[PDB]
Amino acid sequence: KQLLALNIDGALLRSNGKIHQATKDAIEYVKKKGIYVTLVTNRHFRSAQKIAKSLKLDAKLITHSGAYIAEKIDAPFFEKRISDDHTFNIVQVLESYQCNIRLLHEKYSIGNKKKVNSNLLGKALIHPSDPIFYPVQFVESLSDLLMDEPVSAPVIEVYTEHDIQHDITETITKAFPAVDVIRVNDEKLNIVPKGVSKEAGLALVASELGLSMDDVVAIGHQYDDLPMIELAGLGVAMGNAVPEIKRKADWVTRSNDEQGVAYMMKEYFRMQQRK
């Protein structure tokens, strides 16, 4: 294998947001062996890049659910975003539902203030804004703000109770042919430009490197990771993934709180040594 692609949340990071020393040591070793290491994430580019900096990756990172692929923010390798007018229209529709909305731009994030009965929203790791490089604000009315401040969003994140996800998904897919809806988990959807995804972004990076998906190890933990797990040469589910995802993977490793990334890569190399 020639390319290792890792989720950040639920894989690289422990549930307290720390990167374990064993994980750092495993990634350093992987790189020393000539394997290209990148991140494949729903996180905004800036958060992903600071993590990459900690791991000394110097790689094209696949961020904003595949909509933004870059090594340095001002000069992306691949970018796609929802038009400002479509973003406004989508926000108006979502405002009629009980859902928390976040426009996840690479330069800032803006969300509404609607409270939802969602525990995964409560569990999700919060990471810093920066008042210059990444302001994060909430407003009571997103669509009112967008009237005078249009936003062209690479990703719109939608948190809800599970009961209405199918309806929101149907309503958006039908009304907006320019976007796709990606189910992340029971309480979170990403709305992205049509054709954008983690697996599509990963394919673009592998192709750029002269590799195929056959040459890729992909490590994921949620529903939106399933396609890259199925399509990669070796698709790995973290121990903290739900049972369905674990059944669908080629390989199940330990959890993100038990250094499952390091554990899996140690075995990958033992396998190499045996062969």
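Residue positions are given as counts along the sequence shown, with the first one as 1.
Of the two segments, 66-74 and 212-220, the one listed with the higher mean B-factor is 212-220 (C-alpha atoms only). The stretch 113-121 shows the higher mean C-alpha B-factor when 165-173 is compared against 113-121 in the entry. Annotation for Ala206: C-alpha temperature factor in the highest third relative to the rest of the modelled chain, per the entry. In the deposited entry, the Cα temperature factor of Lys33 sits in the top third of values across the chain's modelled residues. Ranked by C-alpha B-factor against the other modelled residues of its chain, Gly235 falls in the middle third. Among the modelled residues of its chain, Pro131 has a C-alpha B-factor that falls in the lowest third, as given in the PDB entry. Compared with the other modelled residues of the chain, the Cα B-factor recorded for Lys60 ranks in the middle third.
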